[PDB]
Amino acid sequence: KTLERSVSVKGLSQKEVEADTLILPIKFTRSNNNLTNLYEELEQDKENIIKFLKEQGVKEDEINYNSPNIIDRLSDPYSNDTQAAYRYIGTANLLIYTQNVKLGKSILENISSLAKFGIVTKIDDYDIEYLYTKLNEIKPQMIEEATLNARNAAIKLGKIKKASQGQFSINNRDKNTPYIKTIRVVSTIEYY
């Protein structure tokens, strides 16, 4: 009348963890007819941004800086046209790489204070990274926990028919907490 019976349980491993890496790129841009003057204002912009980051808790060894990217437009602020401008435009990037992930919130709310110096900072939310770089290291024990939780629900009794493993998910806790990640895995076990 019946040929087999099997029971299926899904085991859940879930953990909140704190991101260990914050990558925060701060771009700032200037224009000038004289290229030497563009570099001097960028360099002065860079010094003021660094001072604000150090006040915020960032250390010097967490700040990285590439050569500014300079575009020659060959324009002039005298030529009567609808598209006249300064000849050169330069954009620079101060790239923060730190394990002090809780610094990011305060940096992003106060960076407007640099408007004083005439600094134009652009920070793209898409390129702000809060990572838990230990993610792959923690997977084996969470897989065991899920598989184990599945077995113990089955207790509450033959061999194992099928074993499957979902992929890990990793989500921010709240919107206000990007430096805290929720990590989940589900292990599915079917017994006879």
# chains A, B, ... in the order shown; residues from 1 in each chain; ligands from 1
>>> residues_around(residues="residue 14 in chain A", least_positions_apart="2", cutoff="7 Å", atoms="only C-alpha atoms", output="MDAnalysis selection string")
chainID A and resid 12 183:185
>>> select_by_dssp(residues="range 38-113 of chain A", states="alpha helix (DSSP H)", output="PyMOL selection string")
chain A and resi 38-55+103-110
>>> write_last_selection(atoms="N, CA and C atoms", output="tab-separated table (two decimals), in the first residue's frame")
chain	number	residue	atom	x	y	z
A	38	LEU	N	45.99	74.52	-10.47
A	38	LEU	CA	45.07	73.42	-10.19
A	38	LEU	C	45.69	72.42	-9.22
A	39	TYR	N	46.98	72.12	-9.41
A	39	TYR	CA	47.65	71.18	-8.52
A	39	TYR	C	47.77	71.74	-7.11
A	40	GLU	N	48.03	73.04	-6.98
A	40	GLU	CA	48.17	73.63	-5.66
A	40	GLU	C	46.85	73.63	-4.89
A	41	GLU	N	45.75	73.91	-5.57
A	41	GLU	CA	44.45	73.89	-4.89
A	41	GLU	C	44.03	72.46	-4.57
A	42	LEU	N	44.34	71.51	-5.47
A	42	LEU	CA	44.08	70.11	-5.14
A	42	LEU	C	44.91	69.68	-3.94
A	43	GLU	N	46.20	70.05	-3.91
A	43	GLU	CA	47.06	69.68	-2.80
A	43	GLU	C	46.58	70.29	-1.49
A	44	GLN	N	46.11	71.54	-1.54
A	44	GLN	CA	45.55	72.17	-0.34
A	44	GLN	C	44.22	71.53	0.04
A	45	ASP	N	43.38	71.21	-0.95
A	45	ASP	CA	42.18	70.43	-0.67
A	45	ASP	C	42.53	69.11	0.02
A	46	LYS	N	43.54	68.41	-0.50
A	46	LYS	CA	43.92	67.12	0.07
A	46	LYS	C	44.37	67.25	1.52
A	47	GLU	N	45.11	68.31	1.84
A	47	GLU	CA	45.57	68.48	3.21
A	47	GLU	C	44.41	68.73	4.15
A	48	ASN	N	43.43	69.53	3.71
A	48	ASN	CA	42.27	69.82	4.56
A	48	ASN	C	41.39	68.59	4.74
A	49	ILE	N	41.19	67.80	3.69
A	49	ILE	CA	40.41	66.58	3.84
A	49	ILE	C	41.09	65.61	4.79
A	50	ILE	N	42.42	65.47	4.67
A	50	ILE	CA	43.15	64.57	5.57
A	50	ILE	C	43.02	65.04	7.02
A	51	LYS	N	43.10	66.35	7.26
A	51	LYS	CA	42.96	66.85	8.63
A	51	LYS	C	41.58	66.53	9.19
A	52	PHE	N	40.54	66.64	8.36
A	52	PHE	CA	39.19	66.31	8.80
A	52	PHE	C	39.04	64.81	9.06
A	53	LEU	N	39.71	63.97	8.26
A	53	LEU	CA	39.65	62.53	8.48
A	53	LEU	C	40.40	62.13	9.74
A	54	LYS	N	41.51	62.82	10.04
A	54	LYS	CA	42.26	62.52	11.26
A	54	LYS	C	41.50	62.98	12.49
A	55	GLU	N	40.81	64.12	12.40
A	55	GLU	CA	39.91	64.52	13.48
A	55	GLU	C	38.81	63.47	13.68
A	103	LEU	N	33.80	54.11	11.86
A	103	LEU	CA	34.16	55.48	11.51
A	103	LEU	C	33.29	56.05	10.39
A	104	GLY	N	32.73	55.18	9.54
A	104	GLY	CA	32.12	55.66	8.32
A	104	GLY	C	30.95	56.60	8.56
A	105	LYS	N	30.06	56.24	9.49
A	105	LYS	CA	28.88	57.05	9.76
A	105	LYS	C	29.26	58.50	10.04
A	106	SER	N	30.20	58.72	10.96
A	106	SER	CA	30.56	60.07	11.36
A	106	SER	C	31.28	60.83	10.24
A	107	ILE	N	32.07	60.13	9.43
A	107	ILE	CA	32.75	60.78	8.32
A	107	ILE	C	31.74	61.33	7.32
A	108	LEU	N	30.70	60.55	7.02
A	108	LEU	CA	29.78	60.90	5.96
A	108	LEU	C	28.82	62.03	6.34
A	109	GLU	N	28.50	62.17	7.63
A	109	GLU	CA	27.60	63.23	8.07
A	109	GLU	C	28.30	64.57	8.22
A	110	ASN	N	29.61	64.57	8.49
A	110	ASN	CA	30.34	65.79	8.77
A	110	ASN	C	31.15	66.30	7.58
>>> closest_residue(among="A:135, A:76, A:101, A:11", to="residue 180 in chain A", atoms="only C-alpha atoms")
A:101
>>> select_by_dssp(residues="range 64-144 of chain A", states="strand (DSSP E)", output="list in words")
residues 64, 65, 69, 70, 71, 72, 88, 89, 90, 91, 92, 93, 94, 95, 96, 97, 98, 121, 122, 129, 130 and 131 of chain A
>>> write_last_selection(atoms="N, CA, C and O atoms", output="mmCIF file, in the first residue's frame")
data_model
loop_
_atom_site.group_PDB
_atom_site.id
_atom_site.type_symbol
_atom_site.label_atom_id
_atom_site.label_comp_id
_atom_site.auth_asym_id
_atom_site.auth_seq_id
_atom_site.Cartn_x
_atom_site.Cartn_y
_atom_site.Cartn_z
ATOM 1 N N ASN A 64 44.888 56.400 1.390
ATOM 2 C CA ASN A 64 45.610 56.155 0.155
ATOM 3 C C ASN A 64 45.224 57.224 -0.859
ATOM 4 O O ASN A 64 44.127 57.792 -0.804
ATOM 5 N N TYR A 65 46.143 57.508 -1.775
ATOM 6 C CA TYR A 65 46.023 58.688 -2.623
ATOM 7 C C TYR A 65 46.725 58.407 -3.938
ATOM 8 O O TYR A 65 47.931 58.155 -3.947
ATOM 9 N N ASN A 69 43.723 62.919 -11.722
ATOM 10 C CA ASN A 69 43.466 62.755 -13.148
ATOM 11 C C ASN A 69 43.112 64.112 -13.737
ATOM 12 O O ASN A 69 42.111 64.718 -13.342
ATOM 13 N N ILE A 70 43.919 64.574 -14.688
ATOM 14 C CA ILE A 70 43.821 65.922 -15.239
ATOM 15 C C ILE A 70 43.309 65.836 -16.669
ATOM 16 O O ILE A 70 43.843 65.070 -17.483
ATOM 17 N N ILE A 71 42.294 66.635 -16.984
ATOM 18 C CA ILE A 71 41.753 66.720 -18.334
ATOM 19 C C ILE A 71 42.007 68.114 -18.880
ATOM 20 O O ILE A 71 41.632 69.112 -18.252
ATOM 21 N N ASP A 72 42.628 68.176 -20.053
ATOM 22 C CA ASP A 72 42.787 69.420 -20.787
ATOM 23 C C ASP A 72 41.579 69.595 -21.698
ATOM 24 O O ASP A 72 41.389 68.819 -22.642
ATOM 25 N N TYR A 88 41.584 73.448 -17.566
ATOM 26 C CA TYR A 88 41.917 72.172 -16.958
ATOM 27 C C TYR A 88 40.923 71.840 -15.859
ATOM 28 O O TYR A 88 40.433 72.723 -15.152
ATOM 29 N N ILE A 89 40.630 70.554 -15.724
ATOM 30 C CA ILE A 89 39.823 70.056 -14.625
ATOM 31 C C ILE A 89 40.523 68.835 -14.049
ATOM 32 O O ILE A 89 40.948 67.942 -14.792
ATOM 33 N N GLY A 90 40.689 68.822 -12.734
ATOM 34 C CA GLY A 90 41.374 67.731 -12.079
ATOM 35 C C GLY A 90 40.534 67.106 -10.988
ATOM 36 O O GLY A 90 39.916 67.812 -10.183
ATOM 37 N N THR A 91 40.492 65.780 -10.963
ATOM 38 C CA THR A 91 39.794 65.038 -9.929
ATOM 39 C C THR A 91 40.796 64.164 -9.195
ATOM 40 O O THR A 91 41.657 63.535 -9.815
ATOM 41 N N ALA A 92 40.705 64.154 -7.872
ATOM 42 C CA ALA A 92 41.593 63.347 -7.053
ATOM 43 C C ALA A 92 40.759 62.461 -6.142
ATOM 44 O O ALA A 92 39.576 62.720 -5.901
ATOM 45 N N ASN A 93 41.383 61.396 -5.649
ATOM 46 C CA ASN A 93 40.691 60.412 -4.826
ATOM 47 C C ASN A 93 41.520 60.107 -3.588
ATOM 48 O O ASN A 93 42.670 59.667 -3.690
ATOM 49 N N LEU A 94 40.935 60.352 -2.424
ATOM 50 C CA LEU A 94 41.473 59.895 -1.150
ATOM 51 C C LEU A 94 40.690 58.644 -0.777
ATOM 52 O O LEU A 94 39.483 58.709 -0.525
ATOM 53 N N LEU A 95 41.365 57.505 -0.773
ATOM 54 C CA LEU A 95 40.717 56.215 -0.593
ATOM 55 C C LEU A 95 41.016 55.707 0.812
ATOM 56 O O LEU A 95 42.174 55.418 1.133
ATOM 57 N N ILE A 96 39.978 55.601 1.644
ATOM 58 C CA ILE A 96 40.122 55.114 3.012
ATOM 59 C C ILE A 96 39.949 53.602 2.994
ATOM 60 O O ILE A 96 38.935 53.096 2.503
ATOM 61 N N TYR A 97 40.935 52.880 3.527
ATOM 62 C CA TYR A 97 40.840 51.437 3.737
ATOM 63 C C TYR A 97 41.179 51.186 5.199
ATOM 64 O O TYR A 97 42.345 51.294 5.594
ATOM 65 N N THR A 98 40.170 50.865 6.004
ATOM 66 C CA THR A 98 40.375 50.700 7.435
ATOM 67 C C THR A 98 39.538 49.548 7.965
ATOM 68 O O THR A 98 38.506 49.191 7.392
ATOM 69 N N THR A 121 33.384 67.658 -2.551
ATOM 70 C CA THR A 121 33.539 66.220 -2.383
ATOM 71 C C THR A 121 32.369 65.487 -3.027
ATOM 72 O O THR A 121 31.214 65.906 -2.907
ATOM 73 N N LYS A 122 32.682 64.397 -3.724
ATOM 74 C CA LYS A 122 31.685 63.495 -4.285
ATOM 75 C C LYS A 122 31.949 62.103 -3.733
ATOM 76 O O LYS A 122 33.042 61.555 -3.917
ATOM 77 N N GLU A 129 32.160 50.436 0.603
ATOM 78 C CA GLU A 129 32.138 49.001 0.849
ATOM 79 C C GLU A 129 32.280 48.737 2.343
ATOM 80 O O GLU A 129 33.212 49.244 2.981
ATOM 81 N N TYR A 130 31.317 47.987 2.901
ATOM 82 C CA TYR A 130 31.394 47.403 4.237
ATOM 83 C C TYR A 130 31.437 45.893 4.049
ATOM 84 O O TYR A 130 30.414 45.278 3.734
ATOM 85 N N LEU A 131 32.610 45.296 4.240
ATOM 86 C CA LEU A 131 32.814 43.883 3.967
ATOM 87 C C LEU A 131 33.174 43.127 5.238
ATOM 88 O O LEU A 131 33.815 43.664 6.147
#
>>> closest_residue(among="A:9, A:74, A:17, A:26", to="residue 120 in chain A", atoms="only C-alpha atoms")
A:26
>>> residues_around(residues="residue 157 in chain A", least_positions_apart="3", cutoff="9 Å", atoms="only C-alpha atoms", output="tab-separated table (two decimals) with N, CA, C and O atoms, in the first residue's frame")
chain	number	residue	atom	x	y	z
A	7	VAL	N	11.27	11.84	6.00
A	7	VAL	CA	11.04	13.10	6.71
A	7	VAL	C	12.11	14.09	6.29
A	7	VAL	O	13.29	13.73	6.14
A	154	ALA	N	15.02	16.30	13.37
A	154	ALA	CA	14.55	15.00	12.90
A	154	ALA	C	14.42	14.01	14.05
A	154	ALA	O	13.55	13.14	14.03
A	191	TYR	N	15.51	12.11	5.81
A	191	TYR	CA	15.79	10.79	6.39
A	191	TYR	C	14.72	9.79	5.98
A	191	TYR	O	13.65	10.15	5.50
A	192	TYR	N	15.01	8.51	6.22
A	192	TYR	CA	14.02	7.45	6.08
A	192	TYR	C	13.36	7.15	7.42
A	192	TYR	O	12.13	7.17	7.54
>>> closest_residue(among="A:112, A:75, A:167, A:2", to="residue 31 in chain A", atoms="only C-alpha atoms")
A:75
>>> closest_residue(among="A:113, A:87, A:27, A:36", to="residue 66 in chain A", atoms="only C-alpha atoms")
A:27
>>> atom_distance(atom1="CA of residue 172 in chain A", atom2="CA of residue 189 in chain A")
27.9 Å
>>> atom_distance(atom1="CA of residue 5 in chain A", atom2="CA of residue 152 in chain A")
18.4 Å
>>> closest_residue(among="A:147, A:169, A:176, A:136", to="residue 8 in chain A", atoms="only C-alpha atoms")
A:147
